[PDB]
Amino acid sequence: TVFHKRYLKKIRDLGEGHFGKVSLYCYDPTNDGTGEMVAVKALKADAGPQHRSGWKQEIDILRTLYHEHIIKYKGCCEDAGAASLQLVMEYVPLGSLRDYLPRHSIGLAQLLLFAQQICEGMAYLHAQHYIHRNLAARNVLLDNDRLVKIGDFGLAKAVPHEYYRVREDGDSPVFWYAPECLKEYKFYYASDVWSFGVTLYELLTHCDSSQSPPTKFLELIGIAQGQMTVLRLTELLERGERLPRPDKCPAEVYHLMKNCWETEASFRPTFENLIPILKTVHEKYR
């Protein structure tokens, strides 16, 4: 599919993606305002050869993924300004779970349905042989109060092999990362399950920033540490220390969370394992 830049009417900026920014447009070929509202992802113009090869990878990943709990790719556009392409996605107006949950009081049942949907989308992603590497509430879009979709794929990679070797990066979401990613710089399919546990914790805390993984971990570690945040994080996780049980979170749900956080990656449930578990848990509390 292809969109004409000539009919893209900028409305506002949505935020920052990994290789550039996300912007809201009205694609209006008839010029009457009835046009579809689209979310467009662009390559930041001053990007080097490294950020450009990474952007082409994300484009390719996004134009092949089709799942009901994964953001719908619409097509592309020629970005004459950055001499590349602009990724046209469906606009999800209610936004991210990180933005939505602290402003709307969502019940336990719905939060579990969201977790179930994240798993459905993630089991599909793993079957397509890709790892997400950035599974967080921030990257989960709410289509409606009963429908959630994985919305960002900036750090997503193809697994040829059960793990991918990651680079020592400063933009890595370390507070959502398994010990083997921090220690060995290896990202397994199971590493994505650790992140789901963290995403699940964020939902049961309603994305309250005072209860957030960075706030919680940086209270435990402290900030007197000189270039030793990741080391202390790896160390506290080895000691078996974890983020606490969110208020009013069911006991067995916290057990599932703690199981997604097994130090040994092999002892963590797959995304396929979690789908029947979460369907049952959602039914029990609905």
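Residue positions are given as counts along the sequence shown, with the first one as 1.
S.K.: Using what the record says, work out whether there is a hole in the model between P160 and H161 and how many deposited residues it spans (none, 1 to 3, 4 to 9, 10 or more).
M.R.: Going from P160 to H161, the model skips 1 to 3 residues of the deposited sequence.
S.K.: Tell me which stretch, 69 to 77 or 166 to 174, has the higher mean Cα B-factor listed in the entry.
M.R.: Here the higher of the two C-alpha B-factor means belongs to 166 to 174.
S.K.: Where do the C-alpha atoms have the higher mean temperature factor in this entry, in 212 to 220 or in 82 to 90?
M.R.: Looking at the recorded C-alpha B-factors, 82 to 90 comes out higher on average.
S.K.: Can you pull the Cα B-factors for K44, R239, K41, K258 from the entry and say which is highest?
M.R.: Highest CA B-factor of the listed options: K44.
S.K.: Looking at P269, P276, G15, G20, which has the highest CA B-factor as recorded?
M.R.: Among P269, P276, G15, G20, the PDB entry lists the largest C-alpha B-factor for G20.
S.K.: Per the entry's values, where does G107 land by CA temperature factor relative to the rest of its chain, in the lowest, middle or highest third?
M.R.: According to the entry, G107 has a C-alpha B-factor in the chain's highest third.
S.K.: Ordered by C-alpha B-factor within the chain, which third holds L243? Give me lowest, middle or highest, please.
M.R.: According to the entry, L243 has a C-alpha B-factor in the chain's lowest third.
S.K.: Where does the C-alpha B-factor of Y124 rank in its chain, lowest, middle or highest third?
M.R.: It falls in the middle third of the chain.
S.K.: Test of reading the entry: by CA B factor among the chain's modelled residues, which third contains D152?
M.R.: Its C-alpha B-factor, which the entry lists for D152, ranks in the middle third among residues of this chain.
S.K.: Thinking about Cα B factors across the chain, which third does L233 belong to?
M.R.: Tercile = lowest for this residue's CA B-factor.
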